[PDB]
Each structure stands twice: as structure tokens, then as C-alpha cells.
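Residue numbers (the entry's author numbering), protein chains in the order written: chain C, 1 to 310; chain C', 1 to 310; chain A, 1 to 310; chain A', 1 to 310; chain D, 8 to 153; chain B, 8 to 153. A prime marks a further copy of an entry chain.
What follows is a set of notes on a single structure, which appears directly below.
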Amino acid sequence: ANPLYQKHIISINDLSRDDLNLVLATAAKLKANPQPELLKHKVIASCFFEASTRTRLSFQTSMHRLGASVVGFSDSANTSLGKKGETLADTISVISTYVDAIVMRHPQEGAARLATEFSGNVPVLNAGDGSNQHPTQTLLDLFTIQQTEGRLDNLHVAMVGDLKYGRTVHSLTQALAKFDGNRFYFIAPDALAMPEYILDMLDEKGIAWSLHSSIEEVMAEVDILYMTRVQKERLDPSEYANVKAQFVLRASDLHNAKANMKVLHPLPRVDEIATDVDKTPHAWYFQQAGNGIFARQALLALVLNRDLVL
Amino acid sequence: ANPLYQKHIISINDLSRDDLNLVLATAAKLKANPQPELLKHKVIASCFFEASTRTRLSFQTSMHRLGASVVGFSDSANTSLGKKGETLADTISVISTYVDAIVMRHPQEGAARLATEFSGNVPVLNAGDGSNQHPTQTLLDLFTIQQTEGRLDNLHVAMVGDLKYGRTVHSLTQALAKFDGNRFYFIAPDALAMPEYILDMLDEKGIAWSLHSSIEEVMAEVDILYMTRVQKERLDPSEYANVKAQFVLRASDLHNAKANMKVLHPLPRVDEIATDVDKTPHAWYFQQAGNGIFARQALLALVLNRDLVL
Amino acid sequence: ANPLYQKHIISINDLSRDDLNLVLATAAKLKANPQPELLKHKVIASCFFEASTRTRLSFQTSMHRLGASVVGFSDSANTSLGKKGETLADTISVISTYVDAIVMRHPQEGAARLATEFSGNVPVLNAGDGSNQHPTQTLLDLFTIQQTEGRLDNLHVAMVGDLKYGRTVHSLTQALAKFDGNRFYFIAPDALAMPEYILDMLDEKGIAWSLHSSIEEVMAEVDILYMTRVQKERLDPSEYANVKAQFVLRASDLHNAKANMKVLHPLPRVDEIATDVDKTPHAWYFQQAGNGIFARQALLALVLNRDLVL
Amino acid sequence: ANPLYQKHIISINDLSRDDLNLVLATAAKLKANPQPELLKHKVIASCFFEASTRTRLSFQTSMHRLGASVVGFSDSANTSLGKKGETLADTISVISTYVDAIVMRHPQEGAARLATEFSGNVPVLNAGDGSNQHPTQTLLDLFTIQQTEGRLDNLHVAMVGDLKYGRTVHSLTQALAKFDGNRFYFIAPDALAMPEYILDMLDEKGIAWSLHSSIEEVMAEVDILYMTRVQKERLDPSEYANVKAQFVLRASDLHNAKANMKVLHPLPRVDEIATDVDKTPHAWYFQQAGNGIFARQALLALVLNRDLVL
Amino acid sequence: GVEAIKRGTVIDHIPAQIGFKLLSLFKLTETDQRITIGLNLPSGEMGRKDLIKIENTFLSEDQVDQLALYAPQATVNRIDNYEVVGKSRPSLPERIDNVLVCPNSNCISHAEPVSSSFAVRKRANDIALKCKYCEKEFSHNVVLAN
Amino acid sequence: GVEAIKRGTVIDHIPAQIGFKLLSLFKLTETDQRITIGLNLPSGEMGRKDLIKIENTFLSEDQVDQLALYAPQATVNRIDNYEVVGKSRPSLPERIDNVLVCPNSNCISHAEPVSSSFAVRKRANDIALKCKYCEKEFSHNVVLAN
Ligand SMILES: [Zn+2]
Ligand SMILES: [Zn+2]
């Protein structure tokens, strides 16, 4: 039996360094040697209560690349869903009667772990539950860093953008904090800063981090540069715009960057990575997005197959 | 290798008489001898940014009839799509990472050819981009005329309705203008008339056309009668309604029609072809719609398979 | 009892040159001397079922400038009982039981005249009904012609823009065709050309008109340049954006203009009269907008006062 | 001609302590003696493009309490010509052709001052423009400080809540920083702390301010407790719901309060001042709300009357 | 005059009010090379012109032809040592990329990270320029009217 | 350098990659008289400079100050009959009009037929430009950038 067989995947905080490795391992095998009828005859609900089409297109593509059937919805707009008195608990109790695995994204925190209480023997994969978790994104990011950097230990990772509200930067800092010798550079306005609970955690596990004022002081040193969507609407119109310089990345800046360095972004990217960066060997956020197929595949393969032989 | 292998299909103006023939050829073979696992293991995004469910139901059915998996959306209503700062270029760059072929319909002109700049090696099939192109409709119409008329040379084709805004009549006149000896009858109000650029084109390539006042003067002569949706809202309430007679077709009218003659309509049909016509041997717009499966199939087969053996 | 007292004012077509003149005369009077209490203790309905800025605030300000009270509504979304079963007939039946006069703008042609059959002896005043009438606009357009030009006979008036669907350019021709010596230059897209009926009428009375294609083609003959709003939606984006130098006005154009020439627009505008036309002395549409008050005043004065001995 | 006659009232920043005082003096007067016909035969525009309860019904009731007539609108959805092409410039151009004064609330900062350049000599009165100004609110906040406290010099005023985005707490500081001896306690989330510029200004004039963290930290020094509305949306649910005992007020707190202390709120409220604060004698926000009328009256009296000899 | 260079390009004979337009569009100025621009120069010989001279810079082939919709009568001339080693006049190209904007307001070119391309077809009494993207043909007058 | 005109202005030691911007922004080019521009010259120190000469034109007084944010050490020479009848450097104006764009996007400037106006304060260090309409203040870095 495999350590993740039939496990619900709800939070990065729940997975171990080993669990992480095994998932990044399998992602690599499957990316190399495809398994198109692995999950023949399985049906997975893809329940996106909140619509978020890149995570969804990725997950359903992954499910199809293993042989599975997909049923589900894309609500938020609305279907006969999320309303009038039907609880999520009675909704999950019915779909688990139907399908082999529930992949679900919800507007509210804690929903996939609530899903877990009612899903019987059917595994629940969290595709984001409010501001809380999104493991599956952290997983592709880890496989992208592992594939480009050869390692998940001992790296120089800079975190740029809104680190306050970044549910992505928060899990990658906690996932990466399980391996060793990593140095973190946080580069945010003081207003959109990396939380104390994160910083406690880090200092507590003995890890080196520093706040910096410009991408610029860090560039010489960095291995991974993870950009983040600033929510323009999470600051005043005059406050976003007013910096001095800004927190946008343009190709010029990258002149001091190491040959191994990559720029990573969860996307949508709007103001923050200038399109001239795309032409650079450093830009790697589309290829990252692409690794979403293999890490996501990996997941479903390990959750649904007892002893996966590869 | 086949002449259309891995070719994007964006405009009729881009295809040749030969390319046309090859696609109409294969449509015929596949309609006769089905190939249900031809495209096993391929995933096609079906991206309908603008919703248009008959072209879409046709295309996804076609993809399923060849063995493929489909992922995608039906926006316009909306999903997490088409907004807030994500460009079509960053959207196409991510889905091409996922899928084997992009079928896409967009509200704006030029979008599928823009898609082409960012889709890497993944082929892009245009399912309509504003008032500009819709090749795949022209293709089923050509296979319908070829199947009912035995030929694509030397025909009497009348074009009825709004020929001003008809993106369908405009491509069928340019597609048909590649074969020879065809005579065109345009029957529109002077207000919803066939454009000069079209007429230039025709006169320039040496082709006979004439404006006529009633379906009625043409009926004796015609081979194909292609009806068109008048946009009731593209004229004044009193202007649509006021003609003298009208531009609606009823079974009575067809009494002088040739045995080979067919009535073709891209659908939705609302005011313009009276339901008594449906009972006639001439009515052929549902069967046309049906040929949408084979011509569309044909396309994906030639774009995705190197040397198709049939 | 003046010749307009307790009369309904629905169509320009139902008013004589004689009535038109008594309206302009009165306007002029009220304009010279404010009578703040003429309509004291009258209550007037503003019923805008279709809602609208200058005509609504113009009439309500007129009612106040004369002493009357206003009760009312605006709509297109909802507000009160009327969409199903509350027929305009039933709504007028009950409102003519409450107020001394009804001014109404409604989306459907014929609405104020239908209103006339349910308002008992409460007059109704057409603030626009569909694409049909807007007699009130016309009265201020003629007061601005009479006021800048000194007469309404023997003028060179150009109509530019949508001369086809334009409700105002139709009525304005109707009215000017009741005074002698007027020549009419029509500069529209031929796609948006003046209807035949208006030209047939004009041919009857031996009035001289002519089609034109550049405003520059007549910008040396004209005393009035009536400028109308084209609406994007009707024409194709590539259709509208074409046409050499378009039918817009820029100050440069005004360089060979007669001194006495005035540029009028019924308002709103969007690109058609450039901002530079504005600080020229020919610019007269915000003035015309202002003249809406006294013209409007004049009508409520005459309909609601037995004789105005002003 | 009093020092505010036919003046525009756009920013607190453009008014002197001298003007501020003449406004408060007049308010007081009108409050003691109603002059129901001061503005007889004036017509005033209420233009709320952003729509709003107390400031709208407060000003319209002021206009009525003084004799004037109101014409107008409210919006955020639609109602009348303005969204495309009808520029605020063009709308003010035409409305200043109709009324004697414009009071306008608009969503975009700078709107009333832009209005000022298109209203000829019709004054405009800022009812709020974006996150910028709301000088009218401020005038009633100072009349309620002067009226409960007897002065506007040498006060201990606390600002609580969102001191960062709060349009009103900014102007109120601006104004109070024009009278001598005022000490300012600032009790906000540091996340929502008072901007630097306001503190830099305050440092210039040698005015004493200080950051604080419990209302209980100063609830024994203070004469005015200005309470502002936090808006949920800006902060994370778990962020806002945290912070020990929050920045809300409960009557218990008022137990060591000076007798003369008054709790003020610009209104609306939702959780921040508990209902129990209400029957305490310190509660003064519905009163302040009421004072909106006379302060509002005062301004329309002064802008529209050559000298008020009241 | 604006004349004596030992090497470079000299766009002579530019119609007046266009040289600035040319430096703007074709981005002649972003360089740290000596450029001498002369605007509204005497030019009685040909009315009133503009003149641009860039030292140690040679505009090749494609570039001179891109000037054709703007200054169709201008004279490029190269200089390799202190004298006029060649002459060139703009020929109307098959395509014009990067510089013009599409008249079509629903064309995707309008918000995407892409350069415009128009194909040139001198037809009858003007040039028609069909857009890459929307495939709509417009007279250069409309395209240039902007 | 380049030499003599008579009765015209000559603005010397523009930075380099700035002289064109001044030609664009300040619309100096839309003239009938001979303008000559030297870009990437030397003739007066600090290595790099563009130079602009507009004959029979004089940039009277607050027009020279409007150059200060871009060429603060520029020298503006009033020339008459081949000699410098006066020389002034730019000084910081109280207000910069027409050429800047308000950094704040909920500002009304962006949609209306109004010209920008920024009041100016602090000198040869940070300079805060405050908007006429939205009244927000910004560092000149921010305003003179995106
Ligand atoms: Zn285009
Ligand atoms: Zn601003």
C-alpha cells in the first residue's frame, strides 16, 4: 500500500517532507513515462463552487491524461447550487455516493476538511478553500523549483509582492521550511508584509530570512524569484501607484541574475512582470503552470492506486 | 506528412482550392467509415469565450467521435475568465501547455490569429472571431453543397437575406469563387446589401453575379438557395416589417424549383423559412448542420495526424 | 383661452406654423421676464418610463421656475407597479386622477397619444415616444434657430449624421418645412440616409434639399449646422471607423464658415463635435440646451393657462 | 457680499479658520431662528452619481427648509445619459445652464473641482468626491464639537478606526489643525494607521498627536471620541476578528469618561458602537446627524446670499 | 548647412512637419550617436523640407521602404568616407509592421502584447492596408487619420 | 557643437536622451521657423548633451522654468544678431501643466477634457507634485515614470 493511498489532500501543513518527496518523485516519472489508462473506469467530480479556470483546466486535463471520466460544475456565477438551504455536508454526501474522488474549490475556509467528514471512503483533494490552503499549487511550485534547481535543500528564494495576503507565498514558505539551509528574502511594501506567525515559525525552526527593499539588492544571490499578484484593490489607487520605484520586474533587472535563476509566478500576472522578461531564459512561470499537469496527475495516481508500480 | 498537418485553421482566405478539397474528401471518408479511436489519448480545449452552443455541441461531439477528451468552458455569461487584466496571450500560453489542440470562439476580431502567436506547437482552430472568420461553418456548407450537388464547380447559387452583415455569405462567396463557372444571385434589401469589396473580388476573378428583387425571379435557375438570418434589430421595427412582399421563404415558392435544388441556412432560423418548407424535399438546413460533424471531424483528423491512411 | 390651452402636445406634425410661432413668442417673453408663480398650486407628473437627463431636468426645472409642484419617476429597470398587467392605459387612468398635467417619456411609439385617451381632460406632453416624436426638443431647436438667426424662413440648414433613425432630425425638417425659403443640405452616411418619405414631402412643397458627403462640401453656404449623434451599435466597427475623414466636426473646418453660423447638437455627444469646436463662437449646443428651459416653460404656460398676458 | 458668496465649496483645505467660523456662526443663528423663505425662487441640483442617505436627504431637506426648489438624481446603476461620451464636463455644462447651484456626490476624486470649470458662475458644492473631500460633513462635525464643547481650541480629540482610508477623519484633522491647543490621539489598527502626510503637517505646526492602541488607553483624557467605520472587505476576516478586545465601543468603557465627553460617528455604523452606548448621555452621533441640516443650511445661505443679515 | 559627415545616413528631402514624425515613429533618436536634425530648412529647391543626419549609422533596405507612406519623395544616401557613397528612394513595401494602429475598434490588436502588421495594396487611388488580425482592409487615409 | 543663428533661442546642455522628450512634450517642433537639433554632441561640459536652436522664437520666462524637471542645468540663450543678449538657467516652477499624468487612477483627470496641473514643492532633492483635481501628492519619481 502507498503512504498517500486513499488520503484526502487538504493542507500542506498536513503533508510531510517525505510525502512531498514521493509526490514530486512520481510527478517526474509520469512526466517521463505517461500512464494513459491508469485510471480508466474512475469518475472524479470536479466541483468548482468558486470558478477558477486555470486550476480547473489543469486538474481536468490531468484526470483525462490518466484515463478518467470527469463530472462536476463551475459555479460562483451559479447552477442549482450553493444556496436556499442545501448544506455542503448534504451536497458532499450525495456526490460521494457517485464518484471515485472529489476535487473541489470553495469560496470559504475549511470547506474541503468539512467535505472530508461526509465523503465516506471517497478521497477529497483541495483545490483551494478561501484564504486558507491550496496544496496542489504548492506542489507544482515545488516540482518546478526541484526540476530547475535540482534541489529543494539549501536555496536562496526571494518572495516578492503582497506577502500579507499571499496564500501561495505562505505555503511555499512553510513547505520549503521543511527542507534545510534555505534562505528567504521577503520584498513587499511594509503594508503588504509577510505575517508574524510565518516569521515565528521560521525563527523557531532556525531559518535565515531578511526583509529587503528592492529586488535589486537580492538579484545577485537568488535562486528562485517567486512573484506575486498584487491585488491593486487591496491598496488605495494612489497607494499602489505611489512607491518611489515599484515591485515590478523587467528584463533589465535580471542582468545580474545567476544562470540557474528562475522567475516563478502563480498567475494571473498583470502589472508585475513585464513581458520583456518572457524572452529571457529566466522567465519560467508558463512552464511552472505546465508542471501543474504532472504534479496533479501524480496526486490522483497515488490517492487512487494502492501499489503504483513505477 | 499531410498538407494541413499541424496547421492552425483561422481563415478561408488562407486555405486553397486543394486544401478545401482534401478537407471535403476526408469528410466524406469519415462519414462513410468512422474512425472512433483515431484521436484516443488527445485532449482538445474547447474554449468558447463567447457562447455559441450549436457550433460548440457539434465540435465537441466530433472530438468525442474520434476518441478524444475535451476540456474547456462556455464563457460570455462568465467564469473566472476574459477580465481584470489577464490577456488572451497569457491565457493561450497556459492552455497550450495543457492540450493537444485549441478550438476557440471569441467575441473580437483577430483573436484566433493572435492565439496562434502564443500557442507554440499546438494548432488553433477558429470557431468564429467576431464579424471576421468562421471557416468551419464554410466547410460544412461546402461539403453539403458538394454532397447534394455532386460538384463545387459551375453552379447557380442564390444568396438571400442580410448579405451586409452575413460573415457566412461572405466566406461562402469567397470559397466558391475559388472553383469555376458559378453564378451568384444576391437577393437582399438595398439596405442589407452585398459589400463592394466582395463584388470587386468577384468581377476581378471574372465571375457572373446579379442583384435580384425576389427569390421568385431566381427560383427556376437555382441550385443552392442559401438563406440567412436577418438581424431584426439591425433595421428599424417598421423597416424590417415594411417591405411590399418580404424575404421569407414558404413552400409555395418552391414549386418552380429544380429537383436538385436545396435550401441551406446556417441557423438560427427564425422568421425566414416557413416550417412548411421543412416537409419539402428541398429543405436541407438540418442535414447541413449535421454535416458539421463530418467536416469538423475531418479537420481535427488532418491537423493532428501526420499521414492519415484512408 | 389661447390656441394651445388644455391641448395635448404629442406630435410636431399636429402643430401649425401659427402655434409654433406662439410658442416661440412666449418663450422669448418668459426668457425676458421670469414669472415665478404662474403655475403656483399646479401639480405635474414627470413620468419617465425611459429615463433621460436634459429633457427630465429641463422640464422639472421649468415646472419649478413657474411655481408648479412635480410628483414622478424615471425607469428602465423597475420602481413601481407596471411591467405586467398595469397597462399604460391603467396607469394613465389613475395618474390623471392625481395631477394637473402629465409629461411622459416612454420607449414605445404611440405612447403619449394612447395616454391622451385615458387622461380625461388632463393634457399630456410627449417627452419622446420611441423613434417617433419629441416635439419639445424641436421647439427649442427652432427657438435657437430664430434666436441666433433672427428668422425661420429662408435658411440654409444642414442635417449631419444619422439622418435615417434620428427622431429629432425628422421633426425638425417637418417643422422647418412650414416656413418659406428653406434649403436643406443632408450630410449622412448613405447607409444612414434621410428617409424617402421626408424627401417626398419636401418635393411636394417645392422645398430645395440635397445629399452631400463632406460637411466641408457646404461649410460656406450654411447658417445652421445641425449635428446628430451616430450610435456605434448600429454600424460595424470597421464600417463606422472608415469613410475618409468621417462626418465629425473639428474647429479647422469652421474656418470658412459664415460668421452667423451656429453648430447645434440635440445632445448627448461623444466624438462627433471635437472639444475644440467648443471654444469657437460658432458652438451653440450648450446654449440650445439652456433654451430648453424657456421653450419648456412656454408650453406649460400655454397648455395650463387660459391666456398668458405676458 | 459675505466672504463665501458665489464661492465653490470643494475642499476643507481651501477654507480658512475665518471662513469655517463664519459658517459655524451662521448655522447657530439659523438653528435659533428658521428663515423659511431665504432661498425662495432658487432651483438647486442634487446630483448624486454615487448615491447616499444622510448627505442627500440632509441637503435636500436644507434646500426645502430655506425655500429653494430641488431637481436631481441619485445613481450607481444608471438612470440617464452618462456612462459613455456624456462627460461630467458636458453634463455640468448643461446642468449649469438650468440651476442656481449644484451639490454633487461623485465616485471619482477631483470631480467637483472639475465641475467648477464647467459651471460658469453657478457654484458647486462637494458632497464627497472619491476618497478625497467631503467638506460639508466636516462643517457639521466642527459645529457639533463647538456646540457640545463650547470651543474648537485646546481640545483632546481621539480618532478611532480606519485612520488610513477615512476621508472624514483626514479633513477633520486638517480643520482642527487650524485652531490652537489641540492634542490628537490616534487609535487605529496599525494596518489602518494615520497617513504620514497628515502627521508631517501636524509636526510642522507643533501640534501634539500620538498613536494609541486601546480606546481604554485614553478614555479619561478625551473630550471628543470620533468613531469611524471600518469596512470589512479591506481586512481579512481572521485579521479583523482578532485584536484582543477590538476598537469597538461598549457603554462599560464610558465609565471613566469625562462628563463633557461626546462620542461622534460620521454614520453609517454596523458593529463599532454597541447599542448600549446609545442610551448613555455621551452618545451624540444622531444629534451630529441632525446638525447636518443647519450647517448645510448655513452654506447654502452664504453661497447664495449676498449678505445674510441674520 | 546640416551636411558634412565622414560616414552615415542623411535622409534628405523630408516634406516639412514629417521629420519629427519620422524620428518618433521609427525611433531614430534612441541611440548615443550624433544626429543633426534640421527642420523647416530653406529648401526652396524643394519647397520647405526637413533633414535628418545620423553619423556611423546606415539604415538598410527595409527601413527606407518603411518611410514610403510618410515622405515618398525623400532621398536616403549613405556616406562611408567623407562623400555620398549611394542613393536610395523609399519604395512602398508589401507590409508595414509596428507603426500603424488598426481602425477597427473590435480588433484584438487593441489590448494584446502584439505588434500591428498591415499588408500594402496600392489599389486605384490610394493604398489599402489590411490588418493581420481582423483581416479588414482600410485606406491609408483612414489608418493615418487615426 | 554647431554655430550661429541670429535672433532665436538656443537651449544648450540638455542631458542626452532628453532633448527629444523636450521636443515632444513641449511641442516646440510645431513651428514655421528653422529649428536645428544636435543630439549627442559635445561643446560645454559633463560629456553628453543634445542642443536645440529655434530661430526667431524666445521662450519667455515661465516657459524656461517648465524645463527644470527635465533639464535643470540647461542654459537657455536669447540670441539676437549673432550674439547672446541673455542667458538663463531653468528654475523650479510653482506649477507644471499639461505634460504629466496623474498617478492615481480614480482621478477624474484621466477621463475629462482638462489639462493636468500639478503644484510643485521641495527642491533639488525630492519634489512632490500635488494634483489639481484629486489633490493627492506624489514624488516626482512616480509622476515622472509610469
Ligand atoms: Zn485590426
Ligand atoms: Zn489626480
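A virtual CB, placed ideally from N, CA and C, is assigned to each residue, including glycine.
Listed in chain order, the non-local C-beta contacts of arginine 56(A) below 6 Å within the same chain comprise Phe48, local neighbours out to five positions each way being set aside. Here the segment 190 to 198 of chain A lies against the segment 154 to 168 of chain A, with 3 or more beta-carbon pairs under 8 Å apart. Flagged as an interface residue toward chain C: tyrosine 98(C'), by a C-beta distance shorter than 7 Å. Assigned with DSSP and collapsed to three states, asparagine 21(A) falls in helix. Note on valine 43(C'): 16 or more other CB atoms within 10 angstroms of its CB, so buried under the neighbour-count rule. Between the segment 55 to 64 of chain B and the segment 65 to 83 of chain D, the count of Cβ pairs shorter than 8 Å is below three; the stretches do not touch. Contact between the segment 120 to 130 of chain A' and the segment 9 to 16 of chain A' is established, with three or more Cβ pairs separated by less than 8 Å. Here the segment 13 to 33 of chain B makes no contact with the segment 13 to 24 of chain D; the two share fewer than three CB pairs at distances below 8 Å. Put simply, of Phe184(A), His170(A) and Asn132(A) the residue whose alpha carbon is nearest the alpha carbon of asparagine 154(A) is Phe184(A). None of the residues of the segment 58 to 88 of chain D has a beta carbon lying less than 8 Å from any beta carbon of chain B. The beta carbon of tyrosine 240(A') sits no closer than 6 Å to any heavy atom of ligand 1. For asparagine 13(A'), the shortest C-beta to heavy atom distance toward ligand 2 is 6 Å or greater. Judged by DSSP secondary structure, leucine 211(C) falls within the beta strand (DSSP E) whose first and last residues are 208 to 211. Note that the C-beta distance between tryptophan 284(C) and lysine 262(C) is below 7 Å.
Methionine 159(A') counts as buried, since at least 16 other C-beta atoms from the protein chains shown sit within 10 angstroms of its C-beta. Under the three-state reduction of DSSP, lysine 232(A') is assigned to helix. Taken atom to atom, the span from the alpha-carbon of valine 303(C') to that of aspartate 19(C') is near 12 Å. Closer than 6 Å to some heavy atom of ligand 1: that does not describe the Cβ of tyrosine 197(C'). Taking 3 residues as the shortest admissible run, the segment 253 to 307 of chain C' contains the following complete beta strand (DSSP E) segments, listed from N- to C-terminal end: 262 to 264. Around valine 43(A'), the beta-carbon contacts reaching into chain A at under 8 Å are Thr61, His64 and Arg65. Among the CB atoms of chain C', none fall inside 7 Å of the CB of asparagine 47(D).
For the segment 233 to 265 of chain A, the residues whose beta carbon sits under 9 Å from a beta carbon of chain D are, in order, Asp236, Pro237, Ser238, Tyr240, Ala241, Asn242, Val243, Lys244, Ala245 and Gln246.
A direct Cα-Cα distance of roughly 8 Å separates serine 74(C) from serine 52(C). With fewer than 16 other Cβ atoms inside 10 Å of its own Cβ, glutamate 217(C) counts as exposed.
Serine 11(A') reaches chain B at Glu142, counting residues in chain order whose Cβ is nearer than 7 Å. In terms of Cα proximity to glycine 161(C'), the closest of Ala1(C'), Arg229(C') and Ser76(C') is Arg229(C'). The Cβ-Cβ distance between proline 120(B) and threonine 275(A) falls below 7 Å. Taking 7 Å as the CB threshold, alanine 193(C') stays off the interface with chain C. What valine 108(D) touches in chain C', judged by beta-carbon distance under 7 Å, is nothing: the nearest beta carbon there is about 13 Å away. Flagged as an interface residue toward chain C': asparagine 113(D), by a C-beta distance shorter than 7 Å. With 16 or more other CB atoms across the displayed protein chains lying within 10 angstroms of its CB, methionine 104(C) is buried. Judged by the Cβ position, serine 122(D) fails to qualify as a neighbour of ligand 1 at the 6 Å threshold, every heavy atom of the ligand being at least this far. For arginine 102(D), no Cβ of chain B is located within less than 7 Å of the residue's own Cβ. When DSSP states are grouped into helix, strand and coil, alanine 127(A) belongs to the strand group. Between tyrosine 140(D) and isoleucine 25(D), the alpha-carbon positions lie close to 28 Å from each other. Chain D places no beta carbon closer than 7 Å to that of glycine 120(C'), leaving this residue out of the contacts.
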